[PDB]
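In what follows, a structure is listed as structure tokens, so that the remarks can point back to it.
Quick reminder, even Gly has a Cβ in these numbers, built from the backbone with ideal geometry, and neighbours come from all protein chains shown. The numbers here are math on the coordinates, done by the rules we state, and not lab data.
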Amino acid sequence: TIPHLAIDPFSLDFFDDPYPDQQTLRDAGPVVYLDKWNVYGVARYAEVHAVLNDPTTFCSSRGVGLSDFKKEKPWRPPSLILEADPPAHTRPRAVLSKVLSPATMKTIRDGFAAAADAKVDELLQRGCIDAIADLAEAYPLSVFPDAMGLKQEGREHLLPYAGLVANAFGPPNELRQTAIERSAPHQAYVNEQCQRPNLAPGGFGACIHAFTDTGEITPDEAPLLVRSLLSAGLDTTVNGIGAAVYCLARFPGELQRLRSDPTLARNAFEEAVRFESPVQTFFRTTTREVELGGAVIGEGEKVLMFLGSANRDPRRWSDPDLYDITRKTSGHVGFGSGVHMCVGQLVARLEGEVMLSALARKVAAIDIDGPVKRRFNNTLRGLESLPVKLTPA
Ligand code: HEM
Ligand SMILES: CSc1ccc(C(=O)O)cc1
């Protein structure tokens, strides 16, 4: 009944060009079985959205990766927020929701905006730059670690740690085994910068530890909640901003519309989030025998969600392969959906908006003038280098 496919969604050939295989996964049926890793797969928008909004049946406490926490021990202590189910997930979620609240973005927006308005000017003085290293990475690194309240020493560990966390959700391929092999130095620093004495007052991490008084989390739970933002608060914004620049580089008509109306910058970033989906996949584990798409999945089965394929499903989106800064992006699962929907989506949209805003007001053209190289990861889509030449407006 369920179609079986040998497609490896975690191979380098799949990362180079996932779109042909993602249509094969979508059109093969609402639910597929991937013989390479013995998992169920959903690639259409409807099933991916239904799985995300059914946390009781498709839980996350047994791991959002391939590995079953009930069968294998996790490579690191489980996330109190990402790898937990209600009700144990609720209160750590509420703390991170208030630390990254709408009232919090007001205190950092101008600093977020001025730094974006300072980087575009710096890169315009150089002309030919790398949109990944000198923009997609340089801008969030100049903004997010300080907003977290981080020290300056050892800051070159976060991006290797962030890339390793996303790589560990994948199967035991080389990408995962090579990552975890180079882990202990990155883990030691990250865990070190989760303790209360190492967080600057007023930063995100200090606010998390302040939320131990409220009784929603204990002091022993705050370092893990700080570790969640150190694992997820940087590299997805890097790939998200690096996606918008690439999309504006190959869709020059969309760049010119953004120039004429800079207020489209926020939705232009939301469109780049749907179009590229910096988080490609995430797992769930069936807590019961469940029927989905005419397929009866047993208990304790890993179900793979293709968030990028769901953001390009023609059953839900018109012209899903086109970058449209005026598209009604509401409903896309680039940030997830349900009780686990990205708690730091306001921080990511703030960084993406003010950067596309600075580009909309100061850049006239973005021309790719160098070899474009992709960055391979089991969970994250993103470019290693994007050599572009910026024309000042
Ligand atoms: C373009 C930027 C980003 C993208 C595409 C993204 C993507 C996602 C997705 C798809 C999920 C759902 C995970 C799941 O349902 O299993 C998620 C959750 C999460 N994200 Fe993000 N994220 C981004 C930025 C951020 C930022 C800036 C932060 C923190 C400052 C962050 C922290 C988290 C955390 C802690 C969770 C777990 C929420 C929960 O389990 O309830 N992410 N993210
Ligand atoms: C790649 S999305 C993500 C990664 C890690 C965490 C966490 O550390 O809790 C949350 C979201």
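Loop-only GluC sites (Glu not before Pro) in segment 33-121, please: DSSP not H, G, I, E or B, and at most 16 other Cβ atoms within 10 Å.
In loop regions of segment 33-121 (DSSP not H, G, I, E or B), the sparsely surrounded GluC sites (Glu not before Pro) are 72.
Out of segment 311-373, which trypsin sites (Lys or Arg not before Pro) are coil in DSSP terms and have no more than 14 other C-beta atoms within 10 Å?
Hits after loop and neighbour filter: 315, 328.
Output ³J(HN,Hα) for segment 235-246: one whole-Hz value per residue in order, computed from phi by the Karplus curve 6.51 cos²θ - 1.76 cosθ + 1.60 with θ = phi - 60°, and x for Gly and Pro.
Residue by residue, segment 235-246 yields 5, 6, 5, 4, 6, x, 6, x, 6, 4, 5, 5 Hz.
Karplus couplings for segment 7-14 from phi (6.51 cos²θ - 1.76 cosθ + 1.60, θ = phi - 60°), rounded to Hz, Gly and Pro as x?
Values, residue by residue: 4, 9, x, 10, 9, 5, 5, 5 Hz.
Taking a temperature of 10 °C and a viscosity of 1.306 mPa s, what whole-number D in µm²/s does Stokes-Einstein yield for segment 4-392 with Rh from Kirkwood over alpha carbon pairs?
Approximately 75 µm²/s, per Stokes-Einstein.
Ranked highest first by the average count of other Cβ atoms within 10 Å around their residues, in what order do 112-120, 295-303, 376-384, 239-247 fall?
Averaged packing, sorted descending, gives the order 239-247, 376-384, 112-120, 295-303.
Mind listing the long-range amide H neighbours of residue 281? Cut-off is under 5 Å, sequence gap 5 or more, other chains count too, H placed in the peptide plane at 1.01 Å from N.
Result for residue 281 returns 307.
Using R₀ = 41 Å, calculate the FRET efficiency as 1/(1 + (r/R₀)^6) where r is the Cβ-Cβ separation of residue 73 and residue 346; round to 0.05.
About 0.75, to the nearest 0.05.
Within straight cross-link reach of residue 71, meaning Cα distance under 16 Å, which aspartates and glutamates are found once same-chain residues fewer than 8 apart are removed?
List returned: 83, 299, 301.
5 Å is the cut-off here: which amide hydrogens, built 1.01 Å from N in the peptide plane, fall below it relative to residue 202, excluding neighbours closer than 5 in sequence?
For residue 202, the qualifying residues are 207.
What are the ³J(HN,Hα) values, in whole Hz, obtained from phi via the Karplus relation 6.51 cos²θ - 1.76 cosθ + 1.60 with θ = phi - 60°, for each residue of segment 313-328 in sequence order, with x given for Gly and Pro?
Once θ is set to phi - 60°, the couplings for segment 313-328 become 6, x, 5, 10, 10, 8, 6, x, 7, 9, 8, 10, 6, 9, 6, 5 Hz.
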